[PDB]
>>> print(open('final.txt').read())   # compact mmCIF, C-alpha atoms
# COMPACT_ATOMS: atom_id res chain seq x y z
CA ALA A 1 -44.30 33.62 -50.17
CA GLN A 2 -47.03 31.07 -49.54
CA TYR A 3 -45.49 29.84 -46.29
CA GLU A 4 -44.37 32.88 -44.30
CA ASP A 5 -42.58 32.76 -41.01
CA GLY A 6 -44.99 34.21 -38.46
CA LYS A 7 -47.93 32.73 -40.37
CA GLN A 8 -48.21 28.92 -40.63
CA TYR A 9 -45.16 28.60 -38.42
CA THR A 10 -42.66 30.60 -36.34
CA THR A 11 -38.90 30.33 -36.07
CA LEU A 12 -37.12 29.61 -32.81
CA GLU A 13 -34.63 32.38 -32.08
CA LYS A 14 -32.84 29.69 -30.08
CA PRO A 15 -32.48 26.75 -32.48
CA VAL A 16 -32.18 23.36 -30.75
CA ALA A 17 -29.25 21.23 -31.98
CA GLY A 18 -29.70 17.47 -32.43
CA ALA A 19 -33.44 17.69 -31.78
CA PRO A 20 -35.77 14.98 -33.15
CA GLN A 21 -36.83 15.69 -36.71
CA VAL A 22 -40.53 15.93 -35.97
CA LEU A 23 -41.26 16.61 -32.32
CA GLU A 24 -44.82 16.87 -30.95
CA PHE A 25 -45.85 17.75 -27.37
CA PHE A 26 -49.16 17.02 -25.74
CA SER A 27 -50.97 16.49 -22.46
CA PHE A 28 -53.85 14.16 -21.72
CA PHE A 29 -55.39 17.18 -19.91
CA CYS A 30 -55.17 19.39 -22.99
CA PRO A 31 -58.53 19.85 -24.77
CA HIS A 32 -57.04 20.79 -28.17
CA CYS A 33 -54.75 17.74 -27.89
CA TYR A 34 -57.83 15.57 -27.48
CA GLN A 35 -59.19 17.11 -30.66
CA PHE A 36 -55.78 16.69 -32.41
CA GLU A 37 -55.74 13.02 -31.61
CA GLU A 38 -59.28 11.70 -31.80
CA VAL A 39 -60.98 14.12 -34.17
CA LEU A 40 -58.23 15.41 -36.46
CA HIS A 41 -55.69 12.57 -36.24
CA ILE A 42 -52.92 15.10 -36.84
CA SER A 43 -49.97 12.86 -35.97
CA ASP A 44 -51.24 10.35 -38.44
CA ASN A 45 -51.86 12.69 -41.30
CA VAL A 46 -48.42 14.30 -40.86
CA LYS A 47 -46.69 10.90 -41.01
CA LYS A 48 -48.65 10.06 -44.15
CA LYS A 49 -47.05 13.01 -45.97
CA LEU A 50 -43.59 12.96 -44.42
CA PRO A 51 -40.67 11.90 -46.67
CA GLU A 52 -39.02 8.51 -46.23
CA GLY A 53 -36.45 8.37 -43.45
CA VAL A 54 -37.94 10.98 -41.13
CA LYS A 55 -38.67 9.68 -37.60
CA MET A 56 -41.65 11.04 -35.68
CA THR A 57 -41.44 11.69 -31.92
CA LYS A 58 -44.27 12.54 -29.47
CA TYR A 59 -43.82 13.55 -25.80
CA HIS A 60 -46.14 14.19 -22.83
CA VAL A 61 -45.70 17.28 -20.61
CA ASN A 62 -45.89 17.95 -16.86
CA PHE A 63 -47.25 21.48 -16.64
CA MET A 64 -50.95 20.53 -16.80
CA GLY A 65 -52.92 18.65 -14.15
CA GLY A 66 -50.43 18.81 -11.31
CA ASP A 67 -49.59 15.46 -9.72
CA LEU A 68 -51.66 13.40 -12.09
CA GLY A 69 -49.99 15.30 -14.95
CA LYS A 70 -46.59 13.98 -13.84
CA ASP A 71 -48.03 10.50 -13.41
CA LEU A 72 -49.19 10.70 -17.02
CA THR A 73 -45.71 11.65 -18.28
CA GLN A 74 -44.28 8.63 -16.47
CA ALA A 75 -47.08 6.48 -17.95
CA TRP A 76 -46.39 7.84 -21.39
CA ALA A 77 -42.73 6.79 -20.80
CA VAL A 78 -44.06 3.27 -19.99
CA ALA A 79 -46.23 3.42 -23.11
CA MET A 80 -43.13 4.28 -25.22
CA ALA A 81 -40.90 1.63 -23.66
CA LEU A 82 -43.45 -1.15 -24.23
CA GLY A 83 -44.44 0.19 -27.66
CA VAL A 84 -48.09 0.35 -26.64
CA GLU A 85 -48.80 3.99 -27.53
CA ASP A 86 -51.56 3.08 -30.00
CA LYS A 87 -53.42 1.02 -27.41
CA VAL A 88 -53.54 3.51 -24.53
CA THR A 89 -53.69 6.92 -26.19
CA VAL A 90 -57.43 6.85 -26.75
CA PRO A 91 -58.50 5.50 -23.31
CA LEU A 92 -56.12 7.84 -21.53
CA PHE A 93 -57.71 10.85 -23.29
CA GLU A 94 -61.26 9.63 -22.67
CA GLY A 95 -60.45 8.57 -19.13
CA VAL A 96 -59.13 12.04 -18.35
CA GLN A 97 -61.49 14.30 -20.34
CA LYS A 98 -64.60 12.29 -21.32
CA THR A 99 -65.54 9.88 -18.55
CA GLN A 100 -63.30 11.35 -15.84
CA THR A 101 -62.45 7.97 -14.36
CA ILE A 102 -58.76 8.74 -14.15
CA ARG A 103 -58.05 10.28 -10.77
CA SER A 104 -54.92 8.51 -9.60
CA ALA A 105 -51.89 6.58 -10.80
CA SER A 106 -53.83 3.37 -10.16
CA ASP A 107 -56.58 4.49 -12.54
CA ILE A 108 -53.92 5.16 -15.17
CA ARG A 109 -52.63 1.63 -14.57
CA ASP A 110 -56.15 0.14 -15.11
CA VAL A 111 -56.13 1.53 -18.65
CA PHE A 112 -52.98 -0.39 -19.51
CA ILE A 113 -54.34 -3.54 -17.84
CA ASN A 114 -57.61 -3.21 -19.73
CA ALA A 115 -55.56 -2.73 -22.90
CA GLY A 116 -53.90 -6.07 -22.24
CA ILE A 117 -50.53 -5.13 -20.78
CA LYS A 118 -49.85 -7.36 -17.78
CA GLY A 119 -49.64 -6.06 -14.22
CA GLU A 120 -46.11 -7.27 -13.52
CA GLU A 121 -44.94 -5.93 -16.86
CA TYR A 122 -46.48 -2.53 -16.25
CA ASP A 123 -45.22 -2.19 -12.67
CA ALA A 124 -41.71 -3.37 -13.68
CA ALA A 125 -41.63 -0.84 -16.54
CA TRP A 126 -43.16 1.88 -14.30
CA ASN A 127 -40.31 1.40 -11.85
CA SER A 128 -37.50 0.83 -14.36
CA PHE A 129 -34.55 3.18 -14.90
CA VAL A 130 -35.12 2.95 -18.66
CA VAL A 131 -38.46 4.64 -17.90
CA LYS A 132 -36.75 7.17 -15.61
CA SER A 133 -34.46 8.22 -18.44
CA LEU A 134 -37.37 8.23 -20.88
CA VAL A 135 -39.15 10.68 -18.48
CA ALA A 136 -35.94 12.76 -18.39
CA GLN A 137 -35.83 12.88 -22.19
CA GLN A 138 -39.43 14.15 -22.29
CA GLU A 139 -38.62 16.88 -19.81
CA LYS A 140 -35.33 17.86 -21.44
CA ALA A 141 -36.96 18.28 -24.87
CA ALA A 142 -39.71 20.49 -23.45
CA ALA A 143 -37.06 22.41 -21.52
CA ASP A 144 -35.02 22.87 -24.73
CA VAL A 145 -37.84 24.87 -26.39
CA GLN A 146 -39.25 26.91 -23.45
CA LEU A 147 -42.48 25.00 -23.75
CA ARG A 148 -45.46 26.62 -22.03
CA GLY A 149 -48.26 25.38 -24.27
CA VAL A 150 -49.66 22.32 -26.02
CA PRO A 151 -50.32 20.96 -28.58
CA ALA A 152 -47.01 21.92 -30.11
CA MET A 153 -44.96 20.60 -32.95
CA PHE A 154 -41.33 21.40 -33.75
CA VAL A 155 -39.49 20.56 -36.93
CA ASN A 156 -35.68 20.02 -36.88
CA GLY A 157 -35.44 22.02 -33.64
CA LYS A 158 -35.85 25.26 -35.61
CA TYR A 159 -39.50 25.64 -36.64
CA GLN A 160 -42.71 25.57 -34.64
CA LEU A 161 -46.16 24.93 -36.13
CA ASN A 162 -48.66 27.77 -35.82
CA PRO A 163 -52.21 26.44 -36.19
CA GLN A 164 -53.83 29.74 -35.10
CA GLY A 165 -52.91 30.98 -38.57
CA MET A 166 -54.74 28.31 -40.64
CA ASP A 167 -58.41 28.08 -41.72
CA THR A 168 -60.59 26.14 -39.28
CA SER A 169 -63.93 26.21 -41.17
CA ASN A 170 -63.22 22.73 -42.54
CA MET A 171 -61.42 20.22 -40.33
CA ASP A 172 -60.11 18.16 -43.25
CA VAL A 173 -58.61 21.23 -44.88
CA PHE A 174 -57.05 22.30 -41.58
CA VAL A 175 -55.28 18.95 -41.17
CA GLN A 176 -54.00 18.88 -44.75
CA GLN A 177 -52.69 22.41 -44.40
CA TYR A 178 -51.07 21.46 -41.11
CA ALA A 179 -49.46 18.33 -42.54
CA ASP A 180 -48.36 20.07 -45.75
CA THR A 181 -46.71 22.73 -43.60
CA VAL A 182 -44.74 20.09 -41.70
CA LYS A 183 -43.66 18.60 -45.04
CA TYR A 184 -42.59 22.04 -46.30
CA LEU A 185 -40.70 22.77 -43.10
CA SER A 186 -39.16 19.33 -43.20
CA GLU A 187 -37.70 19.89 -46.67
CA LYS A 188 -36.48 23.37 -45.73
>>> encode(input="final.txt", output="structure tokens")
Amino acid sequence: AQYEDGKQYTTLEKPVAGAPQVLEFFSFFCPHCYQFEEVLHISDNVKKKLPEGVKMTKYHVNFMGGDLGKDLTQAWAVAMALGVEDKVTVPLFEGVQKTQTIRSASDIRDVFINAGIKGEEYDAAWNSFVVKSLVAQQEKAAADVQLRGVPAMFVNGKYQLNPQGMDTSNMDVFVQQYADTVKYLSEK
């Protein structure tokens, strides 16, 4: 075929019932994730080719960067609850990997503040049980697929994107192939 299992994607031997339709995992410590977000804009180019009616979900993971890694998953929960993902994603990446000014939970907080979220609102969210359960959801989904690496994308809880098996000579062509594969898998 043109899309072969084991080539542009792999199939989970343990399919995950009721999983989000498009599920992406990342870490603000993950160098390829930085690329995926700020250079390739993967999430965006997938959405642009997804059918109508398919929701897109993106979760942070704990297994990189120790304590600060967990702080970032809780902050990503805050980001999701307040709907401010598009305002903090870039400074979190650059704060962690570019400028290295993120060294503590308080430095993570500064990014939200600088992005215009108010102190009280952040701290209230940070401490809220809605955020606790949003953290739990992020962990459960990563648990459900044995996740030990990022970036990672899963479609319908059955198929996992395999970027190692796509041409990387051209970044535009890589992204289109990636997105087209998600669309294929999505219609499967």
>>> closest_atom_pairs(input="final.txt", of="range 33-95 of chain A", to="range 147-158 of chain A", cutoff="9 Å", atoms="only C-alpha atoms", output="tab-separated table")
residue	atom	partner	partner_atom	distance
A:33	CA	A:151	CA	5.5
A:36	CA	A:151	CA	7.9
A:58	CA	A:153	CA	8.8
A:61	CA	A:150	CA	8.4
A:63	CA	A:148	CA	7.7
>>> closest_atom_pairs(input="final.txt", of="range 22-49 of chain A", to="range 128-139 of chain A", cutoff="12 Å", atoms="only C-alpha atoms", output="JSON lines")
{"residue": "A:23", "atom": "CA", "partner": "A:138", "partner_atom": "CA", "distance": 10.5}
{"residue": "A:24", "atom": "CA", "partner": "A:138", "partner_atom": "CA", "distance": 10.6}
{"residue": "A:25", "atom": "CA", "partner": "A:138", "partner_atom": "CA", "distance": 8.9}
{"residue": "A:26", "atom": "CA", "partner": "A:138", "partner_atom": "CA", "distance": 10.7}
{"residue": "A:27", "atom": "CA", "partner": "A:138", "partner_atom": "CA", "distance": 11.8}
>>> atom_distance(input="final.txt", atom1="CA of residue 43 in chain A", atom2="CA of residue 127 in chain A")
28.4 Å
>>> atom_distance(input="final.txt", atom1="CA of residue 65 in chain A", atom2="CA of residue 124 in chain A")
24.7 Å
>>> residues_around(input="final.txt", residues="residue 39 in chain A", least_positions_apart="5", cutoff="12 Å", atoms="only C-alpha atoms", output="ChimeraX atom specification")
/A:31-34,44-45,90,93,171-172,174-175
>>> write_last_selection(input="final.txt", atoms="C-alpha atoms", output="compact mmCIF listing (two decimals), in the coordinates of the input")
# COMPACT_ATOMS: atom_id res chain seq x y z
CA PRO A 31 -58.53 19.85 -24.77
CA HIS A 32 -57.04 20.79 -28.17
CA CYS A 33 -54.75 17.74 -27.89
CA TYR A 34 -57.83 15.57 -27.48
CA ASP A 44 -51.24 10.35 -38.44
CA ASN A 45 -51.86 12.69 -41.30
CA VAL A 90 -57.43 6.85 -26.75
CA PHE A 93 -57.71 10.85 -23.29
CA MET A 171 -61.42 20.22 -40.33
CA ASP A 172 -60.11 18.16 -43.25
CA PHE A 174 -57.05 22.30 -41.58
CA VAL A 175 -55.28 18.95 -41.17
>>> residues_near_point(input="final.txt", point="(-43.7, 34.0, -40.5)", cutoff="12 Å", atoms="only C-alpha atoms", output="NGL selection string")
:A and (1-12 or 159-162 or 165 or 185)
>>> write_last_selection(input="final.txt", atoms="C-alpha atoms", output="short mmCIF file (atom, residue, chain, number, x, y, z; two decimals), keeping the file's coordinate frame")
data_model
loop_
_atom_site.label_atom_id
_atom_site.label_comp_id
_atom_site.auth_asym_id
_atom_site.auth_seq_id
_atom_site.Cartn_x
_atom_site.Cartn_y
_atom_site.Cartn_z
CA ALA A 1 -44.30 33.62 -50.17
CA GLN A 2 -47.03 31.07 -49.54
CA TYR A 3 -45.49 29.84 -46.29
CA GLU A 4 -44.37 32.88 -44.30
CA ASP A 5 -42.58 32.76 -41.01
CA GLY A 6 -44.99 34.21 -38.46
CA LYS A 7 -47.93 32.73 -40.37
CA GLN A 8 -48.21 28.92 -40.63
CA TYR A 9 -45.16 28.60 -38.42
CA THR A 10 -42.66 30.60 -36.34
CA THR A 11 -38.90 30.33 -36.07
CA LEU A 12 -37.12 29.61 -32.81
CA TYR A 159 -39.50 25.64 -36.64
CA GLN A 160 -42.71 25.57 -34.64
CA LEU A 161 -46.16 24.93 -36.13
CA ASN A 162 -48.66 27.77 -35.82
CA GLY A 165 -52.91 30.98 -38.57
CA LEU A 185 -40.70 22.77 -43.10
#
>>> decode(input="final.txt", residues="range 93-159 of chain A", atoms="C-alpha atoms", output="CSV table (one decimal), in the first residue's frame")
chain,number,residue,atom,x,y,z
A,93,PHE,CA,9.4,26.3,25.3
A,94,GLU,CA,11.8,29.2,25.0
A,95,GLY,CA,12.0,29.6,28.8
A,96,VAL,CA,13.0,26.0,29.2
A,97,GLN,CA,15.2,25.3,26.2
A,98,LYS,CA,16.3,28.7,24.7
A,99,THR,CA,16.9,31.2,27.5
A,100,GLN,CA,16.8,28.8,30.4
A,101,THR,CA,15.1,31.2,32.7
A,102,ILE,CA,12.6,28.6,33.9
A,103,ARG,CA,14.1,26.9,37.0
A,104,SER,CA,11.2,26.7,39.4
A,105,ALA,CA,7.4,26.7,39.6
A,106,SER,CA,7.6,30.5,40.3
A,107,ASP,CA,9.4,31.0,37.0
A,108,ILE,CA,6.7,29.0,35.2
A,109,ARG,CA,4.2,31.3,36.9
A,110,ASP,CA,6.0,34.5,35.6
A,111,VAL,CA,5.3,33.3,32.0
A,112,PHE,CA,1.6,33.2,32.6
A,113,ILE,CA,1.7,36.6,34.4
A,114,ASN,CA,3.8,38.1,31.5
A,115,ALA,CA,1.2,36.6,29.1
A,116,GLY,CA,-1.5,38.6,31.0
A,117,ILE,CA,-3.1,36.0,33.2
A,118,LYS,CA,-3.6,37.5,36.6
A,119,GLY,CA,-1.8,36.2,39.7
A,120,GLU,CA,-4.9,35.4,41.7
A,121,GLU,CA,-6.5,33.6,38.7
A,122,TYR,CA,-3.3,31.6,38.1
A,123,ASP,CA,-2.8,30.6,41.8
A,124,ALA,CA,-6.5,29.7,42.2
A,125,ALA,CA,-6.4,27.6,39.0
A,126,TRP,CA,-3.1,26.1,40.1
A,127,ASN,CA,-4.6,24.9,43.3
A,128,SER,CA,-8.0,23.9,42.0
A,129,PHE,CA,-9.4,20.4,42.0
A,130,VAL,CA,-10.5,20.9,38.4
A,131,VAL,CA,-6.7,21.2,37.7
A,132,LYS,CA,-6.0,18.2,39.8
A,133,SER,CA,-8.3,16.1,37.7
A,134,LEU,CA,-6.9,17.6,34.5
A,135,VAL,CA,-3.4,16.5,35.7
A,136,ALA,CA,-4.9,13.0,36.3
A,137,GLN,CA,-6.4,12.9,32.8
A,138,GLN,CA,-2.9,13.7,31.3
A,139,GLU,CA,-1.3,11.0,33.3
A,140,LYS,CA,-4.0,8.4,32.7
A,141,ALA,CA,-3.8,8.9,28.9
A,142,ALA,CA,0.0,8.5,28.9
A,143,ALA,CA,-0.5,5.5,31.1
A,144,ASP,CA,-3.0,4.0,28.7
A,145,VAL,CA,-0.5,3.8,25.9
A,146,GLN,CA,2.8,2.8,27.7
A,147,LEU,CA,4.2,6.2,26.8
A,148,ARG,CA,8.0,6.4,27.1
A,149,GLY,CA,8.8,8.9,24.4
A,150,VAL,CA,7.7,12.3,23.0
A,151,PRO,CA,6.6,13.8,20.7
A,152,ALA,CA,3.9,11.2,20.1
A,153,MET,CA,0.6,11.3,18.4
A,154,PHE,CA,-2.2,8.7,18.6
A,155,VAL,CA,-5.2,8.4,16.4
A,156,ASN,CA,-8.5,6.9,17.8
A,157,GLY,CA,-6.5,5.0,20.5
A,158,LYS,CA,-5.3,2.5,17.9
A,159,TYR,CA,-2.6,4.1,15.7
